[PDB]
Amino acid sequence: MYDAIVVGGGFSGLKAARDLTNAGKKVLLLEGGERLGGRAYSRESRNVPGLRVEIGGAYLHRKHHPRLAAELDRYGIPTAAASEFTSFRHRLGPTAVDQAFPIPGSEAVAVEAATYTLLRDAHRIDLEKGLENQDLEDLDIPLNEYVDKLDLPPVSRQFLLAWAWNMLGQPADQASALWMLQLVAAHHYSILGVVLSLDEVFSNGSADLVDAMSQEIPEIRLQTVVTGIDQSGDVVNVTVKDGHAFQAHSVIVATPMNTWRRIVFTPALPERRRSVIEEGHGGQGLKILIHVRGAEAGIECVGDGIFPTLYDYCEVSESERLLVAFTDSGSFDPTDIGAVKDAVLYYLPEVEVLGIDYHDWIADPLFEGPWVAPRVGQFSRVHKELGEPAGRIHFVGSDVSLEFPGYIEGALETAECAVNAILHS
């Protein structure tokens, strides 16, 4: 038996396991898949043999992500500027200006006013309290109705919605306005900063950091899928798909929220949590890497397309590139390459699609989801509690960060908190 079993070897699980280990605890990390890193996933391109791509989370920003910054600095891991945008090919109507901030002067007054409203509303959110504990139900409504009430003129309206679609991985009619304001709050109460935090990448991929952290963890078992967590007795018993149980004083669940429903907890989790857990969050972020010919470097496209955003990812050769598109998986089928072509050509009619690459996060039984975004109505009923212990079982991860959900920083933040709690208990 161990002092702690950690379930899940994403960044959250890795940090917790590492830190408990370094604190002198006896730790086992159980990871259900064949790799470490979780929703941080670097691997070879499907389209471009020999080329390493990030298929999940990729971007960071040092001033918004100090814990992550500290990890990079600790292991001497190199970062690079995200691809600079020098060419703008928006679809935001005839009045839009082709630069990164495409709002024209005729919309300036409207944007001023919306800026006040958005930030006023965001400033209602105290990041420590939880979205259910703050009288915020009035904001937990579909994003499209919230945005309809701002009544923005066409460019700023569509610009806002496009980025929101990108960032939440939901169409406007399914996103919650409250969660959008939560992201704004998380970025130091900045709308702009939500997008500006696409600031740096890992020079050699996220696996750099995954590997650095894992090297400090002495006991890891891959291909070990947890099916049961039973704290009915004096010591927690952790059951496993094809294997003998493991035992520990504490257990940290560092798996994705939408997988929790596939574990049998004994006794059952507190009843306030159960229906959100059963239903899962609503995130449907879909990130497509698109192999192209005929695109020049440095393109950014934002607009009203089925791809709200389409922009430069990497140079493949002198004629060839990867672009990245964001949409959602409920609205778009990535295996329909004709559809992909239509979506690309909308913005970029000179561009030939050679190929697409993506990971089906939703179909992956170890995830059942990309990054977190709540269904409408969900987080103003229960949010904070999802990330709180039940007895000796801790819940961590990006999905449950109050401070930085949906980002790697939130994985690190939640782990830090569980670690500290254990070292006192």
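Between two forms, the rigid core is the largest collection of C-alphas that superpose within 1.5 Å. Start at 1 and count along the sequence shown; that's the residue number.
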Superpose by the rigid core: which stretch, 254-262 or 80-88, shows more Cα shift in 9 other deposited structures of this protein?
80-88
Of the two stretches 237-245 and 324-332, CA positions deviate more in 9 other deposited structures of this protein after rigid core alignment for 237-245
Of 390-398 and 56-64, the stretch with the higher mean C-alpha B-factor in the deposited entry is 56-64
If you average the Cα B factors in the entry, which is higher, 169-177 or 76-84?
76-84
Check the PDB entry and point out which of 284, 266, 190, 182 has the largest C-alpha temperature factor.
266
Which is it among 199, 328, 112, 342: the one with the largest CA B-factor in the entry?
199
On the chain's distribution of Cα B-factors, residue 39 falls within the third called lowest
Chain-relative C-alpha B factor for residue 97 (record values, thirds): the highest
Please place residue 319 in the lowest, middle or highest third of its chain according to the CA B-factor in the PDB entry.
highest
Using the B-factor values recorded in the entry, state whether the Cα atom of residue 313 falls in the lowest, middle or highest third among the modelled residues of its chain.
highest
If you rank every modelled residue in this chain by C-alpha B factor, which third holds residue 289: lowest, middle or highest?
lowest
